[PDB]
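Read the single chain below, which is given as structure tokens and is the form deposited in one PDB entry.
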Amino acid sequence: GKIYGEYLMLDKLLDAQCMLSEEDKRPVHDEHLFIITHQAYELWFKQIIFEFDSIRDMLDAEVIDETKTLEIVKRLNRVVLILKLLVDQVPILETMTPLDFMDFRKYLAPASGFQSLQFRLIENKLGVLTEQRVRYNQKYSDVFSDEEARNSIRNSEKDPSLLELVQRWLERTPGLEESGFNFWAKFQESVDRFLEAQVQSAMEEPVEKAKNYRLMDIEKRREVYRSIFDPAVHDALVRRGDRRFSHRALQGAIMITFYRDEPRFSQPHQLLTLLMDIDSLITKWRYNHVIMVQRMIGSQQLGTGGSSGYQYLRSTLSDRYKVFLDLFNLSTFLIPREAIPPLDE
């Protein structure tokens, strides 16, 4: 259409609100808020999926130019803003009293009446690994009984996640080229030179206690650099789940963080930063959600079957559920400006 309500299909949208306590002649005022809050979330979930899918398609290519990079940054930044908004929607629902919630929670399935298809789709499309999930809601068949739902989740798991496609993009970054700039080799070399210089400076320290601390610290630094310079050590950290990136992907990430001030790397950096922001904001939502759940129905209530639901949500707060874990730690491997191999080529 052309008129507001026809274009936005408001006749459909605003007829999707059925208060179950109302049609059962025992009306609870706040049930209206409950419905609207979730529906607002669900609309935004759909937008997030829509942005995610379009970024997946753009990343599923051999060449990502500067122009498409900007478009991705924009869309990731948009998701960040939506996520902040979703974090702030929780205190609106927290405004309903526990006793009011109790008077209509009976109209809801114990665990099925609280699980969102779209949220699970967001997790998978972002890159939450199935094996990283806790035992409780690990298999999606146990969570969702519907058939069309199962097909979507299966598709989300099999299809390339945002985690996978970012890794492939990270592997192709210019500068890791042995033939060209050869950053990894130059990096190792400057780590050796910088650390050597550090040992000599520490040996010249007048106070004995200060010498020992610096020597101990330099040794702890060697162990850090061993975990990135020895591919065997890295692959081990991947297998136990302390890292997620392939070795070459981490190489790309580290290079980006190094030259982030440089016009050629500023946008790739921004992309990574927004990836972290998204991860962190999802965690922030999780935290707010669990505080609200506990505020409403404690750790356990009638019909809840004990405290396993609460304990599950509390365990989703762990780094096991963070998709871009490697990104948070990248400054661990950082050396000062002077020691970084200059960009010339």
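Residue numbers run from 1 along the displayed sequence. Note that the rigid core is defined as the largest set of C-alphas that superpose within 1.5 Å between two forms.
From this point on, the text means the form deposited in another entry, which you will not see here.
Considering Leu93, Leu86, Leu126, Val143, one residue stands apart with a C-alpha shift of at least 2 Å between this form and the one not shown following superposition on the core, and it is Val143. Positional change of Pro263 between this form and the one not shown stays under 2 Å at the C-alpha, relative to the superposed core. Annotation: Cα of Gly241 displaced by less than 2 Å between this form and the one not shown, core superposition. The rigid-core alignment places the CA of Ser112 2 Å or more apart between this form and the one not shown. Relative to the displayed conformation, the Cα-Cα distance from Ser307 to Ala111 grows by 3 Å or more in the other entry.
Compared with the form shown here, the C-alpha atoms of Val323 and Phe114 sit at least 3 Å closer together in the other entry.
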